[PDB]
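Just one chain is shown here, as structure tokens, and it is the form deposited without the partner chain.
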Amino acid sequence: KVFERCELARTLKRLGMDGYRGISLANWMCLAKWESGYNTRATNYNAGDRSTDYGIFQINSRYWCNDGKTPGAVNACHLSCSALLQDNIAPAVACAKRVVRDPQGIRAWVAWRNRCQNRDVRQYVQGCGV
């Protein structure tokens, strides 16, 4: 599914992402925007290390979900990577929460640093009633 901006913002708020481990909702919005364009079925293969990025938050198979074909990988979220391609984002949200519980926090995603860190991110939630 391809979410509309305000629909996603309301969904994430309900799922308790606003302020999770100090990350504002607008940051999570900025991340989903640049990682997948708010698309839950997005997948990106990394030919370089044989891992794959899955779903709305482009979560990596080397550490977070099991896809079976990534060498020397772990599954910290305890999920099949398939779970991250559903229209229902609850499993993807639970995994993203697990990712930020690690020391790097939101910085774990390079796209966040390039596109969201130190910028005016209010734009992503403006007028959504969140």
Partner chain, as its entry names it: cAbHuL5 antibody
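Residue numbers count along the first chain shown, from 1.
The mean C-alpha temperature factor is higher for 69-77 when 50-58 and 69-77 are set side by side.
When 119-127 is weighed against 1-9, 119-127 comes out higher, by mean CA B-factor as recorded in the entry.
Ranking 86, 27, 36, 104 by Cα temperature factor from the entry places 104 first. Among the modelled residues of the chain, residue 110 sits in the highest third by CA temperature factor in this PDB entry.
In this PDB entry, the Cα temperature factor of residue 32 sits in the bottom third of its chain's modelled residues, the lowest group. For residue 96, the recorded CA temperature factor ranks within the lowest third of the chain's modelled residues.
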